[PDB]
Visitor: 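Have a look at the structure that comes next, please.
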Amino acid sequence: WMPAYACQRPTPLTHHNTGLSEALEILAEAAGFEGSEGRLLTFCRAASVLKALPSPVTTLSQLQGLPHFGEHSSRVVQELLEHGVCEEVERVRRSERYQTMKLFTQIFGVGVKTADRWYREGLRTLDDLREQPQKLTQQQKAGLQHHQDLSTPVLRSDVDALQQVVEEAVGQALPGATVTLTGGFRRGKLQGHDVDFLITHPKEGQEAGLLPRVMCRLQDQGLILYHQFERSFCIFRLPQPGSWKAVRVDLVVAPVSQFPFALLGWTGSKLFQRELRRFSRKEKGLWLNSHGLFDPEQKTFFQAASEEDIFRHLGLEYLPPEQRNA
DNA sequence: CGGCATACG
DNA sequence: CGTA
DNA sequence: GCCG
Ligand SMILES: [Mn+2]
Ligand SMILES: [Mn+2]
Ligand SMILES: [Mn+2]
Ligand SMILES: [Mn+2]
Ligand SMILES: [Mn+2]
Ligand SMILES: [Mn+2]
Ligand SMILES: [Mn+2]
Ligand SMILES: [Mn+2]
Ligand code: NA
């Protein structure tokens, strides 16, 4: 049978039920915009179950027994199978509320609560926001200023160029420090909206103080448009032929003791990690985050040298990054 | 009924 | 709140 | 919305 947790099954990048999963993900996004985090999670889980199936769902009977499919998710699939369209999904898609909330929450620095307040105030367009600069945080100002570039897919060639400049700054800041590409690109995605790097040093503690030194060296090379510790959510000025474009880059430092946990958490997917943390606590009584895995009865942390160690300690079959696309 | 992942900036 |  |  299909396991109930997304961390118990492989989910490849390319799968066979895109139409159905995308419809469920619209409903999940809309639930989020209305502040229904539980409904969002159900619709996300149901969409993910379809991504893990080996073949297209052709008939409604093939949903029987699948986890996270109840009355509502099943009716969505039913109507898509019967008619090619789901009335509910189309009503959401076309709604002013959905389209504006999607527009605003895709801005760096804006989440659902901020977007909803702006919507209730009657704002509808990016220009509306630019017309009221006093109502913006510095983060939001940077997100709006660079919004067009930040909406342009990041390509592998960009990733490679960014990894070179980050490696150069890291090596200038601390000899022997390493840079690991994480996020969606480590899962095999060919494009993305941002690039994520995890930085460590093989000698425990040597990485203390590292991220401000890296940030100073990147800024002195003119590479930083926006910044500001362990996590830096940056916008880089990435050189292009005769020009440049803004790219979102996340830089994360971890001590080598935490590195496997940070690598696992920052590699994703987001649903995969939520499900893995839920599995850890609810099924094995252990507390997982990007720092470690804690046994609250013995009050001890599990020493891991690899991601494989973490899966093993949780009693899970190991899944490589390209099968974590839940 | 109530949980739903768990951190840092 | 925002970010991941 | 689904489920323990
Ligand atoms: Mn396949
Ligand atoms: Mn319903
Ligand atoms: Mn019908
Ligand atoms: Mn990413
Ligand atoms: Mn820390
Ligand atoms: Mn990122
Ligand atoms: Mn309830
Ligand atoms: Mn409910
Ligand atoms: Na946002």
Side-chain angles (χ1 to χ4, degrees), chain A residues 2-7 24-32 34-49 63 65-70 72-74 76-77 88 104-112 114-118 136-137 139-140 142-144 150 182-184 186 192-198 211-212 215 226-227 229-235 248-254 258 261-284 286-294 296 314 326:
Chain A
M2 171 76 56
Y5 291 87
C7 56
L24 293 167
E25 285 180 338
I26 291 171
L27 297 187
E29 185 177 21
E34 301 317 295
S36 324
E37 287 299 310
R39 291 196 292 118
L40 170 155
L41 192 57
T42 282
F43 285 133
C44 284
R45 289 167 174 164
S48 186
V49 159
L63 298 190
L66 293 179
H68 308 294
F69 275 84
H72 198 133
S73 297
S74 297
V76 171
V77 171
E88 181 185 11
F104 291 165
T105 59
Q106 293 174 330
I107 303 166
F108 177 66
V110 184
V112 168
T114 300
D116 170 73
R117 178 174 72 251
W118 290 344
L136 301 173
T137 65
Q139 185 180 62
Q140 289 160 355
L144 203 42
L150 296 192
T182 67
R186 181 169 181 250
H193 290 312
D194 60 284
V195 193
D196 307 301
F197 295 110
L198 173 61
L211 188 51
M215 290 310 302
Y226 167 88
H227 68 129
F229 43 107
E230 309 189 339
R231 304 172 179 187
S232 181
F233 314 121
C234 304
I235 301 173
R248 277 277 294 107
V249 178
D250 294 334
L251 306 175
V252 186
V253 174
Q258 294 171 21
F261 302 95
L263 181 61
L264 178 60
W266 282 85
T267 294
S269 72
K270 171 186 178 170
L271 180 60
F272 192 97
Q273 293 306 308
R274 298 169 77 150
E275 295 274 289
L276 187 63
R277 291 172 187 196
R278 190 172 62 96
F279 179 87
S280 174
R281 183 185 270 270
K282 297 314 185 171
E283 306 298 331
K284 313 294 210 173
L286 304 178
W287 302 349
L288 181 65
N289 68 9
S290 80
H291 287 69
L293 176 63
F294 185 68
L314 292 176

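Both backbone and side-chain heavy atoms feed into the values below; hydrogens, waters and symmetry mates do not. Each chain gets a letter, A, B and so on, in the order the sequences are listed, and its residues count up from 1.
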Visitor: Quick one: list whatever passes side chain to side chain contact (heavy atoms under 4.5 Å, CB included) with A/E230, sequence neighbours left out.
Guide: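 For A/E230, the residues satisfying side chain to side chain contact (heavy atoms under 4.5 Å, CB included) (neighbours in sequence not counted) are A/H291.
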Visitor: Select one nucleotide: of D/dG1, B/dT6, C/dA4, the one nearest the side-chain heavy atoms of A/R248.
Guide: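 Selected nucleotide (nearest to the side chain): C/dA4.
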Visitor: Give a yes/no answer on whether the side chain of A/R281 brings an N or O atom under 4.0 Å of OP1 or OP2 in B/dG3.
Guide: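 No, outside the criterion.
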Visitor: Starting at CH2 of A/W287 and ending at P of B/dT6, how long is that distance when rounded to a whole Å?
Guide: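 The answer, rounded to whole Å, is 9 Å.
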Visitor: Using side chain to side chain contact (heavy atoms under 4.5 Å, CB included) as the criterion, list what pairs up with A/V49, not counting sequence neighbours.
Guide: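 Partners of A/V49 under the side chain to side chain contact (heavy atoms under 4.5 Å, CB included) test: A/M2, A/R9, A/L66, A/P67, A/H68, A/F69.
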Visitor: Think A/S73 has a side-chain N or O under 4.0 angstrom from the OP1 or OP2 of D/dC2?
Guide: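 Yes, within the criterion.
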Visitor: Specify the separation, in whole Å, of atom CG of A/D250 and atom P of B/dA7.
Guide: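 My rounded result for the distance is 19 Å.
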Visitor: If you check every side-chain atom of A/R45, which of B/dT6, D/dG1, B/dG9 has the closest atom?
Guide: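 Among B/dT6, D/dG1, B/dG9, the one nearest the side chain of A/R45 is D/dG1.
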Visitor: Please report the distance, rounded to the nearest Å, between CD in A/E37 and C1' in B/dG2.
Guide: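 Answer to the nearest Å: 16 Å.
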Visitor: Give me each pair satisfying salt bridge (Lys or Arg N to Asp or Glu O under 4.0 Å) with a member in residues 36-49 of chain A, each pair once, sequence neighbours excluded.
Guide: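 Checked against salt bridge (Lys or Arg N to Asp or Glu O under 4.0 Å) - neighbours excluded - the pairs reaching residues 36-49 of chain A are A/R45-A/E275.
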Visitor: Please name all residues satisfying salt bridge (charged side-chain N to carboxylate O under 4.0 Å, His left out) with A/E29, sequence neighbours left out, ordered by chain then number.
Guide: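 For A/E29 the salt bridge (charged side-chain N to carboxylate O under 4.0 Å, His left out) partners, ignoring immediate neighbours, are A/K102.
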Visitor: OP1, OP2 of B/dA7 versus side-chain N and O of A/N289: anything below 4.0 Å?
Guide: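 Yes, because at least one side-chain N or O of A/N289 sits under 4.0 Å from OP1 or OP2 of B/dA7.
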Visitor: Whole-Å distance between B/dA5 P and A/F294 CZ?
Guide: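 In whole Å, B/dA5 P lies 20 Å from A/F294 CZ.
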Visitor: Send over the distance from A/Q140 CD to B/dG9 P, rounded to a whole Å.
Guide: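 Atom CD in A/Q140 sits about 19 Å away from atom P in B/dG9.
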Visitor: B/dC8 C1' sits how many Å from A/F233 CZ, rounded?
Guide: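 Rounded to whole Å, this separation is 6 Å.
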Visitor: For the pair made of CG in A/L41 and P in B/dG2, what is the distance, rounded to whole Å?
Guide: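 Those two atoms, CG and P, are 19 Å apart.
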Visitor: Expected output is a numbered-order residue list: members of residues 264-276 of chain A with a heavy atom under 4.0 Å from any atom of DNA chain B. What is it?
Guide: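 Under 4.0 Å from DNA chain B: A/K270, A/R274.
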Visitor: Please give, in whole Å, the distance from B/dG9 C1' to A/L211 CG?
Guide: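 That distance rounds to 11 Å.
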Visitor: Would you please confirm or rule out a distance under 4.0 Å between OP1 or OP2 of B/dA5 and any side-chain N or O of A/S280?
Guide: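 Result: no.
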Visitor: Classify the nucleic acid contact of A/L288 as base, sugar-phosphate or nothing, counting any heavy atom under 4.0 Å across all strands shown.
Guide: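 Sugar-phosphate contact only.
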Visitor: Going by modelled atom types, is there a donor-acceptor pair between the base of C/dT3 and the side chain of A/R231 at under 3.5 Å?
Guide: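 Under the 3.5 Å cut-off, the side chain and the base do not form any donor-acceptor pair.
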Visitor: Test of understanding: with side chain to side chain contact (heavy atoms under 4.5 Å, CB included), list the residues that count as partners of A/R248, not counting sequence neighbours.
Guide: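 For A/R248 the side chain to side chain contact (heavy atoms under 4.5 Å, CB included) partners, ignoring immediate neighbours, are A/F108, A/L150, A/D194, A/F233, A/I235, A/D250.
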Visitor: Under 4.0 Å from OP1 or OP2 of B/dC4: is there any side-chain N or O of A/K282 that close?
Guide: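 Yes, such a contact exists.
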Visitor: Of the candidate nucleotides C/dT3, D/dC3, B/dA7, which contains the atom at the shortest distance from the side chain of A/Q139?
Guide: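 The listed nucleotide nearest to A/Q139's side chain is C/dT3.
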